[PDB]
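Before any questions on binding or motion, here is one chain by itself as structure tokens, the form deposited in one PDB entry.
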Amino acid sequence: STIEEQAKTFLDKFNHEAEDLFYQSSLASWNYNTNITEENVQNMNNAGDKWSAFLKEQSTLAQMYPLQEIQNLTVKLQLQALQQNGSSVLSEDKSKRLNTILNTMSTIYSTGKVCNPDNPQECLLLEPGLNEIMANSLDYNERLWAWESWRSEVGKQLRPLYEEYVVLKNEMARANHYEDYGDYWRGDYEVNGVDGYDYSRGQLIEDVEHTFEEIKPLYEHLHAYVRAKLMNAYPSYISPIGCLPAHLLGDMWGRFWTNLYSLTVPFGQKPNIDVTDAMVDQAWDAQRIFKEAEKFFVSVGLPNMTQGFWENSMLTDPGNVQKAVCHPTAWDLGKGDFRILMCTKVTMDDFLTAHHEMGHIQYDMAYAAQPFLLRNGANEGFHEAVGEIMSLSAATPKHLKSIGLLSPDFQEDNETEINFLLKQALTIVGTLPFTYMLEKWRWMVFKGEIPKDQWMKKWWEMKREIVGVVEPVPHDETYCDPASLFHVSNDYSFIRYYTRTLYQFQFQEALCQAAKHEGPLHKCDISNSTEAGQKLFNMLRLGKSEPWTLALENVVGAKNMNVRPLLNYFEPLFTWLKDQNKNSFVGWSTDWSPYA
């Protein structure tokens, strides 16, 4: 028997063993997340520890089959993934040091507390204390206090840990034959050995920067309009040509500009579409919300939910005693077990969230027939891109009128379209420079292009230049402001939110064309279009079995990430923004700062 035949048999054993251990761990994890008890924490840890130990052993066994002797690409994909990063390429000591560093940074972030001057007992966590200030307060000093105190007391703790974290991650990545840890992260998009669909790790940097250049004009005009509106609210704090102060952006970091809508809404006399009252008037419950979401996916030709989904999911908050983690999640336990965990309320937001989460489920069901190791999105940005486009269609006035939640007499004028698109841009477009700049800084740090004594100097130079955001207080190299965001201190790659944003509008434009939609892209509803559902399903069933470039081509007809559908979606706003900024300065100077 050849080496390839041995690997096929080895993967045959792994799949059945992994499916069984993964189901026990997910079941144990589900029981804790729905029923928080000390006994359930131990059972989750016990099952989870066996699952991790099994993966560590199987990864070592997989490394005894060299990839150089395998010709079947589907076999090589599964073998390579399990070869993962190996069962720690570093020494046991360095792996132990790295794991303690990761745990300490996570604990500092989740338990970091800030106390108001003159009362050392009235202290606030980030969630919900500091987040509430940054999202709702209009007071300049209160927002500044929360923004600076978080970085000066929690970020400074993370600075020495992050420095050692970079060294150990690069050692692990370089011993895995990557240039650095950033190059390791970019490997999620790498494709080899498929003629016409290959993709290199370095190509991701080029494509992200190339597409970001085309985003700049839209972001510049959104930045100018937002600055003008904020300057009216805070006349003595904002320069007409300068960057936006970092603490006046709607959350702790300015990752999203969503909470700036109240101060920047174009037409403040036209209310939002809020069908929450109509849902309560018709006595909707959580089951009705998920029944309507199920009908939406059936209308495009996708299967209905399994019987186990309705029996085993938790679609409402359990009660007053039995506690549960209420973060909405879609669960793929394997063995045909698909569930949604959600503490659903009768609101428009939860109605759209159900469509988002059931979109995850449809993706999970579609590639269930794939081998265990290929049961995932084509790349890290596919899954949430699929989930986002479901809420796009479900939220349109056209869809809300067909299900009886929006009255037919209600008609939409171009002022409500501008209001809606501006709100969309604050969240979707506002995060793109933030996401790209943050990951570029981490890529350069891992590359070694930024020395340690210039981490914060470079961090705020790039914030001013790329994001048009300026720090309100000078920060020396005792600060670790990037680590004050969850993803940086908890070791999560961040470019996935940039690529996913471009994927979702590529998906939506292709599906809406297959649905023969007429008019602006943002008004489209793919409901009742089996042509759109079939085109999406052709990609969903692939899982990870094919290169993401091919999986993308199945939906949109193109092999690469493209920014034109994003700009097509926001074109009515872009035209409106350019007219609004005729009397305003567009762009920003990087030398102005609020601390003069």
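Residue numbers run from 1 along the displayed sequence. In this text, rigid core is short for the largest set of C-alphas that superpose within 1.5 Å between two forms.
Two stretches are in play, 410-418 and 95-103, and the higher mean C-alpha B-factor belongs to 410-418. Comparing 536-544 with 32-40, the stretch with the higher mean C-alpha B-factor in the PDB entry is 32-40. Taking the deposited Cα B-factors for 501, 72, 427, 396, the highest one is held by 72. When the Cα B-factors of 319, 381, 371, 482 are read from the PDB record, 319 comes out highest. Looking at the C-alpha B-factors along this chain, the one for residue 284 belongs to the middle third. Ranked against the other modelled residues of its chain, the C-alpha B-factor of residue 179 as given in the entry falls in the highest third.
For residue 90, the recorded CA B-factor ranks within the highest third of the chain. Only modelled residues enter the ranking. When the modelled residues of the chain are ordered by C-alpha B-factor, residue 164 sits in the highest third.
Split the chain's modelled residues into thirds by C-alpha temperature factor. Residue 435 is in the lowest one.
If you look for the form deposited in another entry, you will not find it shown, but the lines that follow are about it.
Taking the core as reference between the shown form and the other one, the lone member of 99, 203, 87, 106 whose Cα moves by 2 Å or more is 87. With the core held fixed, residue 453 shows a CA shift below 2 Å between the shown form and the other one. Residue 213 shows a C-alpha shift below 2 Å between the shown form and the other one [criterion: core-superposed Cα displacement of 2 Å].
Residue 128 shows a C-alpha shift below 2 Å between the shown form and the other one [criterion: core-superposed Cα displacement of 2 Å].
Distance between the C-alpha atoms of residue 85 and residue 381: longer in the other form than here (change of 3 Å or more).
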